[PDB]
Amino acid sequence: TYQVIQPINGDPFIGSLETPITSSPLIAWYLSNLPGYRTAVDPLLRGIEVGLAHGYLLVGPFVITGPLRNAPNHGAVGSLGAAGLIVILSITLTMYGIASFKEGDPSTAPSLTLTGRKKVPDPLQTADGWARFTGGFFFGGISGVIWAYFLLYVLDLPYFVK
Amino acid sequence: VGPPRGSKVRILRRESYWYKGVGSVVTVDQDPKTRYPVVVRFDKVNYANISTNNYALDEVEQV
Amino acid sequence: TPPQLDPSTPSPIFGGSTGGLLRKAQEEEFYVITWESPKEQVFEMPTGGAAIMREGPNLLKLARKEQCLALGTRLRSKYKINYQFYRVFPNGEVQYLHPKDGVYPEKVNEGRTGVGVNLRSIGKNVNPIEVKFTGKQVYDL
Amino acid sequence: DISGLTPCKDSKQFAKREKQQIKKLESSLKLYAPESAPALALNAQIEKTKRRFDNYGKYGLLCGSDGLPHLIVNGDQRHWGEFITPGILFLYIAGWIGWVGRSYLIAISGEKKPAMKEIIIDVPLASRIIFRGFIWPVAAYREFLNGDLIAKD
Amino acid sequence: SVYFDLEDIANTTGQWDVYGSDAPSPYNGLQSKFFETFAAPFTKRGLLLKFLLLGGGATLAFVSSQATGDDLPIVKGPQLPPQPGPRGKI
Amino acid sequence: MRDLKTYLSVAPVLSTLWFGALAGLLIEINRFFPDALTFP
Amino acid sequence: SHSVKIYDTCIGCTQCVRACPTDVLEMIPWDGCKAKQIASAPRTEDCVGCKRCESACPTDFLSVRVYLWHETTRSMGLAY
Amino acid sequence: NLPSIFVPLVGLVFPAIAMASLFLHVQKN
Amino acid sequence: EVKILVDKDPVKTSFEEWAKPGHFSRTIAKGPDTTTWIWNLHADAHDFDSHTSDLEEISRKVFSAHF
Ligand code: CLA
Ligand code: CLA
Ligand code: CLA
Ligand code: CLA
Ligand SMILES: CC1=C(/C=C/C(C)=C/C=C/C(C)=C\C=C\C=C(C)\C=C\C=C(C)\C=C\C2=C(C)CCCC2(C)C)C(C)(C)CCC1
Ligand SMILES: CCCCCCCS[C@@H]1O[C@H](CO)[C@@H](O)[C@H](O)[C@H]1O
Ligand SMILES: CCCCCCCS[C@@H]1O[C@H](CO)[C@@H](O)[C@H](O)[C@H]1O
Ligand SMILES: CCCCCCCS[C@@H]1O[C@H](CO)[C@@H](O)[C@H](O)[C@H]1O
Ligand code: SF4
Ligand code: SF4
């Protein structure tokens with residue numbers, strides 16, 4: 001008949017399976033267009049995008065659920081907490097990069113596509129690439145926290161939940 | 001060579017389960033290249049449910 | 001015996017599973033078991049599920065030596081099939097493992113030299129103080 | 001008396017405990033007809049309590065400052081009925097049991113498979129052995145002198 | 001038909017980049033130049049770790065030292081007469 | 001008959017009979033000589 | 001890698017070798033026992049330490065002894 | 001005065017620095 | 001076809017197996033050497049598919065145990 005689930009890349013002895021969750025064209029395109037999988041571009045810009053998303057998303061919970069949520073100063077306090085969390089995350093990223101990558105070693109990323117075509121391995125899995133990524137992450141996260149604060153409590157836009 | 005077959009023998013091997021006990025000699029190997037020729041059968045089973053063991057000529061005392 | 005080499009023989013028919021190779025095979029090693037079957041037949045896989053072994057040569061890649069030996073003993077006991085397996089490294093180096101001498105290890109064979117044989121009873125090992133401040137163990141003497 | 005305790009025939013707390021027990025029992029008597037069976041059963045309990053307290057008074061037990069009997073174990077000749085005589089009787093029964101067990105274990109030792117008489121008991125042999133514990137002190141002493149009690153390994 | 005090649009161990013063991021994309025940069029050139037210029041100082045991992053740890057510690061200490069009684073109850077302090085002890089102790 | 005007597009000599013059956021007799025004896029002694037704290 | 005040792009109380013019934021899950025032991029010619037064969041452990045780098053051989057040992061005390069030693073990726077049975 | 005400065009240092013900053021240093025030490029080679 | 005299918009007098013009613021503890025299994029029927037046997041007798045009492053490999057023999061046993 002017609003079966004949907006197939007072995008990964010046609011190899012039945014690799015510990016994975018091809019399912020609509022993992023191999024559908026829409027999800028494949030979406031994952032390929034995320035900054036974490038853009039192999040052929042400077043990791044600094046990708047880290048900028050990642051930090052801009054994450055620091056922006058982190059503002060809400062700190063501002064609204066925090067201890068000073070009912071104070072008139074709740075927005076600034078929550079934004080400061082989100083910035084501190086971004087700083088801690090950047091520290092963790094730097095620690096991982098220092099522990100994982102030596103300066104002279106080449107990339108640990110795969111050099112083959114699913115079709116067996118040779119490609120340039122991702123420079124994100126090198127010391128310099130990871131350093132650029134975490135610097136971009138810090139710069140983007142601080143900017144995203146500041147932008148969320150500016151949109152919520154400097155222009156005071158009529159957001160339903162603030 | 002060795003204790004007569006069917007005799008009663010005391011075990012002198014320290015690590016044996018039947019140390020300082022008494023068993024019965026079944027057969028004794030006559031090959032001089034055999035390290036532990038005396039075959040002994042015991043009334044009690046060891047921790048591995050085995051009732052027979054081989055011992056050297058100096059680990060067995062005739063009683 | 002001169003160990004056999006590793007051809008490009010086909011693999012058993014299998015639908016795939018989550019119990020196969022992981023990144024350890026990419027960076028450390030994996031194992032390859034080869035056998036010969038007289039007919040296509042069902043066999044349980046050591047990683048879960050049931051596969052179809054083809055008639056003729058069969059080659060299967062696994063993550064551990066224990067998986068290869070378990071599958072081999074199952075083949076020998078149930079299907080009466082002789083088997084071999086090898087260790088393959090990331091740089092393409094292949095090391096022949098079993099049966100090492102061409103004869104299964106439970107059967108005595110000439111040309112083998114004992115390793116780790118102590119010419120004493122287990123009760124004659126020396127006490128720890130005799131090997132204290134030396135790097136040697138009591139059972140290595 | 002001993003250790004500052006007073007005899008239970010003199011102590012007022014003992015009598016107060018006896019009075020309160022009877023009063024507690026008599027409160028449930030009010031909920032039943034004077035001729036009913038539960039009324040007859042609580043009356044039997046009241047008589048049992050009265051007899052218990054009277055016996056504890058008569059036997060000459062010592063009671064503390066709480067109205068409860070206290071046992072004297074040191075060896076006083078007027079308190080042997082609390083530890084010494086019961087202890088001797090216990091030591092006679094337990095030695096009986098141990099000696100009958102030992103004789104049965106010895107009697108089945110020299111057989112082909114003596115583990116079958118340990119899960120399926122030879123009842124006639126046990127009947128033979130059982131009544132030898134009545135003189136267990138004499139035999140236990142006598143195998144001590146000869147040397148049939150202890151295995152010298 | 002065969003998934004075992006000694007000359008290609010990466011293909012044999014599944015060393016593939018599944019969702020990796022080799023497409024060029026989707027970002028605008030001016031924006032990338034701006035970010036490259038203004039994020040360059042943070043790309044030194046040795047400097048970044050020391051700067052983050054020390055500056056974060058100093059900022060935490062400074063903020064804790066500048067907190068008022070409105071922000072923290074511990075800074076406000078007690079406002080009620082103290083309770084007495086179980087047996088007259090103070 | 002012989003086999004049934006052999007079965008009644010097994011450990012659990014003999015044990016329950018013996019302990020039942022012991023329990024009955026102790027219960028009757030306590031019924032006729034209750035509340036004994038000492039040995040007169 | 002764990003340490004596997006063989007003592008001359010061996011009777012050569014080959015019980016340890018066919019109980020090995022990783023093919024560590026084998027049988028070699030000998031003259032100290034009636035079977036004219038003794039066990040050997042030439043591949044202790046594949047030892048996992050499950051001590052299945054000692055469960056198959058008929059001699060008293062054991063003729064094959066396993067001592068748990070430094071741990072490797074092979075000795076811990078890791079497939080990842 | 002001092003507690004408001006010292007408590008964050010001992011409770012947060014010093015454990016973080018020590019954890020980072022120890023992690024970098026144990027991940028060496 | 002669906003019909004009643006029985007076998008007449010398959011097992012003889014006797015007290016002989018009552019006097020032999022562990023008769024139901026090959027290993028336990030030989031008698032005890034250690035105390036472990038005493039436990040093994042009770043743990044394997046109702047493990048019918050370990051006593052015999054015959055499906056019919058097992059099924060009859062469960063049918064009577066339900067009664
Ligand atoms: C609070 C947690 C949290 C949140 C809300 C986000 C949110 C986001 N991340 Mg992110 N991330 C997180 C933690 C988080 N991250 C952590 C811990 C890491 C470290 C590994 C990352 C690393 C990371 C990278 C490297 C990237 C993102 C990206 C993104 C964005 C794209 C989301 C996406 O494609 O998801 C995809 C999600 C998956 C593939 C995970 C699988 C989801 C499974 C199948 C089901 C989901 C579970 C379900 C939602 C749970 C709900 C049920 C529950 C109520 C019981 C988005 C803003 C991307 C970005 O920056 O885009 C701009 C990007 O490239 N993240
Ligand atoms: C023949 C019966 C018998 C005899 C003579 C002894 C004698 C002894 N046991 Mg012992 N024991 C027995 C049965 C027996 N045991 C059984 C059945 C068990 C298993 C529950 C034990 C478990 C046991 C332990 C764990 C310990 C002893 C110890 C001891 C010694 C000190 C006394 C003691 O602590 O008693 C205590 C005795 C018990 C707690 C068990 C009594 C069980 C009943 C009363 C015996 C019934 C025997 C049999 C069913 C009746 C035979 C009937 C026959 C005529 C058909 C002493 C040499 C101690 C020791 O070695 O220190 C020196 C010790 O630590 N025994
Ligand atoms: C001694 C240890 C210690 C100390 C001093 C604190 C201190 C604090 N915790 Mg906390 N916590 C601790 C251990 C500790 N925690 C542990 C072990 C847990 C796990 C059980 C938690 C879980 C916890 C939760 C869940 C929450 C806190 C919160 C808080 C804050 C409450 C004050 C307030 O209302 O202002 C609120 C003030 C702000 C939100 C603004 C803070 C802005 C800071 C000062 C910016 C500086 C950050 C800096 C750059 C990063 C330095 C990191 C370092 C590694 C270098 C306060 C800063 C609450 C909070 O809001 O903090 C985020 C809160 O929700 N804590
Ligand atoms: C109708 C339901 C049913 C049936 C027909 C079976 C049947 C079976 N089970 Mg099973 N089981 C059941 C329910 C059932 N089970 C349930 C509900 C559980 C979860 C608790 C289990 C868990 C279970 C396990 C884990 C195992 C079995 C096994 C077995 C097989 C051997 C049974 C045997 O010999 O026991 C012999 C009977 C005993 C040894 C008696 C045990 C006495 C219990 C533990 C005491 C109960 C406490 C009691 C209520 C309180 C008394 C107080 C006290 C003071 C008197 C047999 C085919 C075993 C097997 O090998 O299967 C092939 C096995 O390993 N079963
Ligand atoms: C006087 C008195 C007292 C004291 C007591 C004492 C101090 C005791 C001691 C004791 C001792 C110090 C003992 C010892 C011992 C030793 C030994 C060594 C023993 C042994 C035994 C045996 C051996 C037995 C056996 C047997 C029999 C005979 C029977 C049963 C069975 C059998 C076999 C087991 C008191 C105060 C309490 C109280 C009062 C009285
Ligand atoms: C070893 C325990 C202490 C020994 C005590 C010796 C007995 S003491 C003895 O005890 C009698 C009651 O038993 C009393 O009547 C008498 O007055 C008293 O002297
Ligand atoms: C270890 C603490 C001392 C243990 C003493 C155990 C025996 S206690 C002894 O038991 C007798 C049984 O009837 C009672 O009659 C008697 O009143 C009681 O003292
Ligand atoms: C009351 C004392 C006499 C009680 C006799 C009960 C049966 S005696 C019974 O006989 C069986 C053979 O029939 C033996 O196998 C078993 O060992 C024995 O206990
Ligand atoms: S340890 Fe496990 S594997 Fe190594 S020898 Fe003994 S049994 Fe065979
Ligand atoms: S098991 Fe005991 S006997 Fe059998 S081979 Fe290993 S050592 Fe020699």
# chains A, B, ... in the order shown; residues from 1 in each chain; ligands from 1
>>> residues_near_ligand(ligand="ligand 5", cutoff="7 Å", atoms="only C-alpha atoms and all ligand atoms", output="PyMOL selection string")
chain D and resi 73-75+84+94-96+98-99+102+140
>>> select_by_dssp(residues="chain H", states="helix (DSSP H, G or I)", output="number ranges by chain")
H: 3-26
>>> residues_near_ligand(ligand="ligand 8", cutoff="8 Å", atoms="only C-alpha atoms and all ligand atoms", output="count of residues only")
18
>>> interface_residues(of="chain B", to="chain C", cutoff="9 Å", atoms="only C-alpha atoms", output="ChimeraX atom specification")
/B:13-15
>>> interface_residues(of="chain I", to="chain B", cutoff="12 Å", atoms="only C-alpha atoms", output="MDAnalysis selection string")
chainID I and resid 32:37
>>> write_last_selection(atoms="N, CA and C atoms", output="tab-separated table (two decimals), in the first residue's frame")
chain	number	residue	atom	x	y	z
I	32	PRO	N	14.24	-30.77	49.07
I	32	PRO	CA	15.04	-29.60	49.43
I	32	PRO	C	16.47	-29.95	49.82
I	33	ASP	N	17.39	-29.07	49.42
I	33	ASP	CA	18.75	-29.07	49.93
I	33	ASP	C	19.04	-27.87	50.82
I	34	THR	N	18.44	-26.72	50.53
I	34	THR	CA	18.55	-25.53	51.35
I	34	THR	C	17.14	-24.99	51.61
I	35	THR	N	17.06	-23.88	52.34
I	35	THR	CA	15.77	-23.30	52.65
I	35	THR	C	15.15	-22.58	51.46
I	36	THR	N	15.96	-22.19	50.47
I	36	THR	CA	15.43	-21.52	49.29
I	36	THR	C	14.31	-22.34	48.65
I	37	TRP	N	14.47	-23.67	48.64
I	37	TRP	CA	13.46	-24.57	48.10
I	37	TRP	C	12.08	-24.26	48.67
>>> residues_around(residues="residue 7 in chain A", least_positions_apart="5", cutoff="12 Å", atoms="only C-alpha atoms", output="PyMOL selection string")
(chain A and resi 12-19+22-23) or (chain C and resi 13-20) or (chain E and resi 14)
>>> residues_near_ligand(ligand="ligand 4", cutoff="9 Å", atoms="only C-alpha atoms and all ligand atoms", output="PyMOL selection string")
chain I and resi 39-50+62+65-66
